[PDB]
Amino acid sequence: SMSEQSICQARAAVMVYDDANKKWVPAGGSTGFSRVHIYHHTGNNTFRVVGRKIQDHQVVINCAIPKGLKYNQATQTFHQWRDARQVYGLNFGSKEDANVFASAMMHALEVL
């Protein structure tokens, strides 16, 4: 697993969209900020997003990034993308967190 490396980290609250109730809900069950990484698995050139809550280290997101993922910068601090299972949203702690993480994601998408 040393062949999988973090290429970015940022501070964001991770939500998922509850399709049935038409509302954003905190990923993992409780609202708060996480440390969110983009990991590059160099053996098979894959990427995933993994986030853990700062206070308790709960894993709140573990989401593939496949080739062609559409990454939407909805606002300067809220970005989102789809998975068959749910839409994910990142409410970043700052604009720099958001831009840096995006530029990282755009890089990932270009090397996939």
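Numbering starts at 1 and runs along the sequence shown.
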>> Per the record, averaged over C-alpha atoms, which has the higher B-factor: 29-37 or 67-75?
In response: 67-75
> As stated in the PDB record, which stretch has the larger average Cα B-factor, 4-12 or 103-111?
Replying inline: 103-111
>> Using the temperature factors of the C-alpha atoms in this entry, rank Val49 within its chain: lowest, middle or highest third.
In response: lowest
> Taking the entry's C-alpha B-factors for this chain, is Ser94 in the lowest, middle or highest third?
Replying inline: highest
> So where's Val87 on the chain's Cα temperature factor ranking, which third?
Replying inline: lowest
